[PDB]
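Participant: Protein chains in written order, with the UniProt record's numbering: chain A, 434 to 453; chain B, 6 to 94.
Sharing a structure below in structure tokens format, with a few things to ask.
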Amino acid sequence: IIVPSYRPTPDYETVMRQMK
Amino acid sequence: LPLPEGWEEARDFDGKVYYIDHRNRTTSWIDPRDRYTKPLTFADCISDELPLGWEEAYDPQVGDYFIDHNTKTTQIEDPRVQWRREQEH
Ligand SMILES: [Cl-]
Ligand SMILES: [Cl-]
Ligand SMILES: [Cl-]
Ligand SMILES: [Cl-]
Ligand SMILES: [Cl-]
Ligand SMILES: [Cl-]
Ligand SMILES: [Cl-]
Ligand SMILES: [Cl-]
Ligand SMILES: [Mg+2]
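Here it is as structure tokens:
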């Protein structure tokens, strides 16, 4: 195939919420 | 130097390392300490090192490739090698 596209950092609030 | 206050190291869903700034409620792929330690450009680099904002990563289908966080792009070409062939000319 071809090179993976750029991956954005995870969203701050999403990360804080996913710790449950 | 350790992480500046308010910064926490973390791992993305596939274990890829990033950084959390709790004081500004934001995340970054780049270690804030790189802003001191990393060479500024490809001219500043020795050996196999990469300048500020560049990351080498691996993909099972394509192999190693390169991430430029400065411009939010990816490329298969080795920028250290591009820069060599450019300054040879
Ligand atoms: Cl992809
Ligand atoms: Cl969420
Ligand atoms: Cl949500
Ligand atoms: Cl601050
Ligand atoms: Cl964020
Ligand atoms: Cl970043
Ligand atoms: Cl900082
Ligand atoms: Cl350069
Ligand atoms: Mg809130």
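Beta carbons are placed, not taken as given, at the ideal position from N, Cα and C, and that holds for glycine.
1) Secondary structure at residue 66 of chain B, three-state DSSP: helix, strand or coil?
2) Give me the DSSP bridge partner(s) of residue 10 of chain B.
3) With 8 Å set as the bound, which would you pick, yes or no: does the beta-carbon of residue 17 of chain B sit closer than that to a beta-carbon of chain A?
4) What residues in the UniProt domain "WW 1" (6–39) of chain B bring their beta carbon closer than 9 Å to a beta carbon of chain A?
5) DSSP has residue 80 of chain B in a bridge; who is on the other side?
6) With DSSP as the reference, label residue 34 of chain B as helix, strand or coil.
7) Would you kindly work out how many angstroms separate the C-alpha atoms of residue 438 of chain A and residue 24 of chain B, rounded to a whole number?
Facilitator: Let's see:
1) Coil, per DSSP.
2) Bridge partners of residue 10 of chain B: none, in fact.
3) Yes - at least one Cβ of chain A is within 8 Å of the one on residue 17 of chain B.
4) Those would be 15, 17, 18, 21, 23, 24, 25, 26, 27, 29, 30, 31, 32, 33, 34, in chain order.
5) Residue 80 of chain B is bridged to B/71.
6) Coil at residue 34 of chain B, not helix or strand.
7) 20 Å
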